[PDB]
Every structure is written in C-alpha cells, then in structure tokens.
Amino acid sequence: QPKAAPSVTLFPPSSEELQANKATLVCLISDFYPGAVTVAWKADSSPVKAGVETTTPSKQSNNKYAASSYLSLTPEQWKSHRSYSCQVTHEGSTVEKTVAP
C-alpha cells in the first residue's frame, strides 16, 4: 500500500479548562500509512516529555491510521512560554503545528 502523509490538528487548552486549573494540548493525527508515527512536543524550542501521552496508531475505516497525542500542563506552565509545538514524524518527514497562549 502506498505511503500516505499525516494530517495534524493541534488545539490549545480551552479557557474553561484553564479556569479548572488544568491545561491540555491536543494533537490529532489522521490519514497516515504505514501506521508508525513518532511525536515530539516542545515548550518554545525545548523538547518535553513530561505529561505527554500518545496513542498507538489504529486503523481508520479507510485502511489508513489515526493517532492522538496529549500534553498535560499546569496553566502556569502553558502561560509561561511563547508557544508549544506538536511535531509529528512519519517516514522521515515532519509536520509541526504550534499554538500560543
């Protein structure tokens, strides 16, 4: 089966979640093949692994794969940086999305 590159959507923490003294970045990864991806998160330019939880890719109804990655932060962590990024690597190519407070 031919290689298919991932589509990546990154959402910042909601204002509602911040009011609950929590923060989650949500990185949604879809429509890729083969079904192996790696995810790197960065606070500004600094790689971070604390609070990162990533699913094992699973087949979609169209025979391609989907995965998601979450970065759980404190509101103070979130607000302390200029941005955070979710970088998805698939078959040696990378897609990086960045969001800011």
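Numbers follow the displayed sequence, beginning with 1.
Higher mean CA temperature factor, per the PDB entry, when comparing 26 to 34 with 56 to 64: 56 to 64. Comparing 14 to 22 with 82 to 90, the higher mean C-alpha B-factor in the PDB entry belongs to 14 to 22. Sort the chain's modelled residues by C-alpha temperature factor and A43 lands in the lowest third, per the entry.
Ranked by Cα temperature factor within the chain, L73 sits in the highest third according to the deposited record.
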